[PDB]
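One file, model-v8.txt, is given below (compact mmCIF, C-alpha atoms).
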```txt
# COMPACT_ATOMS: atom_id res chain seq x y z
CA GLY A 2 -29.44 -16.33 -26.46
CA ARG A 3 -26.38 -14.92 -24.69
CA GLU A 4 -25.77 -11.55 -26.36
CA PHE A 5 -25.49 -7.94 -25.27
CA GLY A 6 -29.05 -6.65 -25.20
CA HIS A 7 -30.98 -9.26 -23.22
CA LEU A 8 -28.55 -10.63 -20.61
CA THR A 9 -30.08 -8.88 -17.60
CA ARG A 10 -32.30 -6.02 -16.46
CA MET A 11 -30.52 -3.09 -14.79
CA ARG A 12 -31.98 0.32 -13.98
CA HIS A 13 -30.76 3.67 -12.66
CA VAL A 14 -27.04 2.85 -12.92
CA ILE A 15 -24.94 5.66 -14.43
CA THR A 16 -21.40 4.84 -15.56
CA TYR A 17 -18.74 7.47 -16.31
CA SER A 18 -15.67 6.53 -18.33
CA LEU A 19 -12.68 8.12 -20.07
CA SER A 20 -10.87 7.70 -23.36
CA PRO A 21 -7.72 5.56 -23.12
CA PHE A 22 -5.92 8.41 -24.90
CA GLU A 23 -6.97 10.91 -22.21
CA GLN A 24 -5.69 8.94 -19.20
CA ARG A 25 -2.45 7.42 -17.99
CA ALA A 26 -1.94 3.68 -18.43
CA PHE A 27 -0.05 3.44 -15.11
CA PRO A 28 -1.75 5.93 -12.76
CA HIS A 29 -0.03 5.78 -9.36
CA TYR A 30 1.44 2.39 -10.18
CA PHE A 31 3.75 2.27 -7.15
CA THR A 32 2.30 4.93 -4.83
CA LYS A 33 -0.99 3.00 -4.58
CA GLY A 34 -0.07 -0.37 -6.09
CA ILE A 35 2.52 -1.29 -3.46
CA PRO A 36 0.24 -0.63 -0.43
CA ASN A 37 -2.54 -2.53 -2.21
CA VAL A 38 -0.26 -5.52 -2.81
CA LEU A 39 0.66 -5.56 0.88
CA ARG A 40 -3.02 -5.50 1.86
CA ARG A 41 -3.79 -8.42 -0.46
CA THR A 42 -0.74 -10.35 0.75
CA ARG A 43 -1.66 -9.78 4.40
CA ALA A 44 -5.23 -10.97 3.87
CA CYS A 45 -4.07 -14.21 2.22
CA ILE A 46 -0.74 -15.04 3.92
CA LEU A 47 -2.53 -16.72 6.85
CA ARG A 48 -4.69 -18.88 4.57
CA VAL A 49 -2.21 -19.91 1.85
CA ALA A 50 1.19 -20.13 3.56
CA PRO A 51 0.41 -22.30 6.64
CA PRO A 52 -0.43 -25.41 4.57
CA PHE A 53 2.77 -25.01 2.53
CA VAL A 54 4.84 -24.44 5.68
CA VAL A 55 3.67 -27.84 6.91
CA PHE A 56 4.89 -29.41 3.66
CA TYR A 57 8.34 -27.88 4.14
CA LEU A 58 8.55 -29.30 7.67
CA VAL A 59 7.44 -32.73 6.45
CA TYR A 60 9.84 -32.54 3.50
CA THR A 61 12.78 -31.69 5.75
CA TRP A 62 11.97 -34.44 8.27
CA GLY A 63 11.48 -37.02 5.53
CA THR A 64 14.77 -36.12 3.87
CA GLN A 65 16.60 -36.19 7.21
CA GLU A 66 14.90 -39.42 8.31
CA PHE A 67 15.76 -41.11 5.01
CA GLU A 68 19.39 -40.04 5.44
CA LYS A 69 19.51 -41.29 9.04
CA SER A 70 18.05 -44.64 7.97
CA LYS A 71 20.88 -45.24 5.49
CA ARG A 72 23.50 -44.31 8.10
CA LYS A 73 25.52 -47.09 9.71
CA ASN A 74 24.20 -48.52 12.97
CA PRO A 75 27.18 -49.18 15.30
CA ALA A 76 25.17 -51.51 17.54
CA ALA A 77 24.43 -53.85 14.63
CA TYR A 78 28.17 -54.48 14.14
CA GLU A 79 28.92 -54.76 17.86
CA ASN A 80 30.34 -58.07 19.11
CA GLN B 241 -36.38 54.48 -36.96
CA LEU B 242 -35.01 51.50 -35.04
CA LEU B 243 -31.71 53.29 -34.41
CA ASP B 244 -33.36 56.43 -33.02
CA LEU B 245 -35.68 54.29 -30.88
CA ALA B 246 -32.65 52.44 -29.50
CA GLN B 247 -30.91 55.76 -28.81
CA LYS B 248 -34.07 56.89 -27.01
CA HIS B 249 -34.50 53.81 -24.82
CA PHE B 250 -31.17 51.95 -24.74
CA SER B 251 -28.93 54.99 -24.24
CA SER B 252 -29.56 54.84 -20.47
CA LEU B 253 -27.52 51.64 -20.32
CA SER B 254 -24.21 50.63 -18.78
CA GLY B 255 -21.23 51.47 -20.97
CA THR B 266 -11.78 30.38 -21.16
CA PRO B 267 -11.26 28.01 -24.10
CA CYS B 268 -13.13 24.87 -23.08
CA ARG B 269 -11.46 21.46 -23.15
CA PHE B 270 -13.13 18.67 -25.12
CA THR B 271 -12.74 15.26 -23.47
CA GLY B 272 -13.42 11.91 -25.08
CA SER B 273 -15.59 10.13 -22.53
CA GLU B 274 -18.98 8.49 -22.07
CA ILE B 275 -22.02 8.72 -19.80
CA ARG B 276 -24.25 5.64 -19.80
CA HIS B 277 -27.54 5.98 -17.91
CA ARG B 278 -28.66 2.36 -18.06
CA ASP B 279 -32.45 2.22 -17.61
CA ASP B 280 -34.07 -0.88 -19.10
CA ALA B 281 -37.58 0.36 -18.26
CA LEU B 282 -37.43 2.94 -21.04
CA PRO B 283 -38.95 1.79 -24.35
CA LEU B 284 -36.17 3.03 -26.64
CA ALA B 285 -32.47 3.81 -26.27
CA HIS B 286 -31.16 7.29 -27.05
CA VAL B 287 -27.53 7.66 -28.12
CA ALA B 288 -25.63 10.85 -28.94
CA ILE B 289 -22.04 10.56 -30.15
CA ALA B 290 -19.97 13.61 -31.03
CA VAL B 291 -16.40 14.74 -31.63
CA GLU B 292 -14.69 18.06 -31.03
CA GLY B 293 -15.87 20.50 -33.66
CA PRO B 294 -14.77 23.95 -34.79
CA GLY B 295 -15.82 27.34 -33.52
CA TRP B 296 -18.24 29.77 -35.09
CA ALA B 297 -15.48 31.67 -36.90
CA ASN B 298 -13.79 28.56 -38.31
CA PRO B 299 -14.36 28.23 -42.09
CA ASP B 300 -14.41 24.43 -41.73
CA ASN B 301 -18.01 24.78 -40.51
CA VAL B 302 -19.13 25.09 -44.15
CA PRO B 303 -17.74 21.78 -45.51
CA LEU B 304 -18.56 19.92 -42.29
CA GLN B 305 -22.24 20.82 -42.57
CA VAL B 306 -22.03 19.55 -46.15
CA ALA B 307 -20.57 16.33 -44.75
CA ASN B 308 -23.49 16.08 -42.33
CA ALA B 309 -25.85 16.80 -45.23
CA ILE B 310 -24.33 13.74 -46.89
CA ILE B 311 -25.02 11.61 -43.81
CA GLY B 312 -28.48 13.13 -43.63
CA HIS B 313 -31.33 12.46 -41.25
CA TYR B 314 -34.02 9.80 -41.02
CA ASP B 315 -37.24 9.21 -39.09
CA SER B 316 -39.70 6.32 -39.09
CA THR B 317 -42.32 8.69 -40.52
CA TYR B 318 -40.19 9.63 -43.55
CA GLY B 319 -41.76 8.58 -46.82
CA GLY B 320 -38.44 8.21 -48.61
```

Could you write out this file's structure as structure tokens?
Amino acid sequence: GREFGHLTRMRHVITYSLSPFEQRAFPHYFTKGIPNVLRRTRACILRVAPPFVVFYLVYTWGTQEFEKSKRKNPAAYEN
Amino acid sequence: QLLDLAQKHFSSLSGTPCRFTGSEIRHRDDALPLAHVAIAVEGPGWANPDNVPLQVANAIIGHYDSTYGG
């Protein structure tokens, strides 16, 4: 059913590989990894962060508002 | 006779160890009826004595074809 041999039909695709004992496990890990991470972060920061920033603003206001509510009201004890 | 002929005709004549790499090339083509595979390892040179036993080893593995009567 789902086995290597009849999954799909592919033609004229040549793949070149290398032995894991002939290549480095961390090739250019920081020279190319760090720029790549920045690219990925930049592409997603404007789609992931903004919703969470709203939560932080709501969380701060709610915490402050709850504190203010418990605070003493001088006008209530006037007269 | 051969030597004198060579001296007659051939006298008027002018007086990088390769690196084996474990890798693979896969030419995926599902239209072909059968799949060919060739897998090898680094072998010895011509002058290496180990060629003699290794051939024996291959003789042990042998060869087969669908038309063999064995």

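Those residues that approach residue 21 in chain A to within 12 Å, counting all atoms listed in the file, are residues 27 and 28 of chain A; 271, 272, 273 and 274 of chain B; same-chain residues fewer than 6 positions away are not listed.
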
Task: Gap from CA of residue 317 in chain B to CA of residue 277 in chain B - Å, one decimal - done: 27.1 Å

Sorted per-residue table, chain A near chain B, closest atoms and distance, 7 Å, all atoms listed in the file, as a Markdown table:
```
| residue | atom | partner | partner_atom | distance |
| --- | --- | --- | --- | --- |
| A:10 | CA | B:280 | CA | 6.0 |
| A:11 | CA | B:280 | CA | 6.0 |
| A:12 | CA | B:279 | CA | 4.1 |
| A:13 | CA | B:279 | CA | 5.4 |
| A:14 | CA | B:278 | CA | 5.4 |
| A:15 | CA | B:277 | CA | 4.4 |
| A:16 | CA | B:276 | CA | 5.2 |
| A:17 | CA | B:275 | CA | 4.9 |
| A:18 | CA | B:274 | CA | 5.4 |
| A:19 | CA | B:273 | CA | 4.3 |
| A:20 | CA | B:272 | CA | 5.2 |
```

Open item on the list: Using Å and a single decimal, report how far CA of residue 48 in chain A sits from CA of residue 61 in chain A.
Closed with: 21.7 Å

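Atom to atom, CA of residue 70 in chain A and CA of residue 57 in chain A stand 19.7 Å apart.
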
- [ ] For range 248-269 of chain B, please output as a list in words all residues within 12 Å (counting all atoms listed in the file; exclusion window: fewer than 3 positions along the same chain).
- [x] residues 23 of chain A; 241, 242, 243, 244, 245, 272, 291, 292, 293, 294 and 295 of chain B

Open item on the list: Restricting the calculation to only C-alpha atoms: of B:320, B:270, B:313, B:306, which residue gets closest to residue 290 in chain B?
Closed with: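 Among the listed residues, B:270 lies closest to residue 290 in chain B.
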
So for range 14-25 of chain A, what box centre and size do we get, axis-aligned, 5 Å extra on each of the six sides, every listed atom, Å to one decimal, as lines of an AutoDock Vina configuration file?
```
center_x = -14.7
center_y = 6.9
center_z = -18.9
size_x = 34.6
size_y = 18.1
size_z = 22.0
```
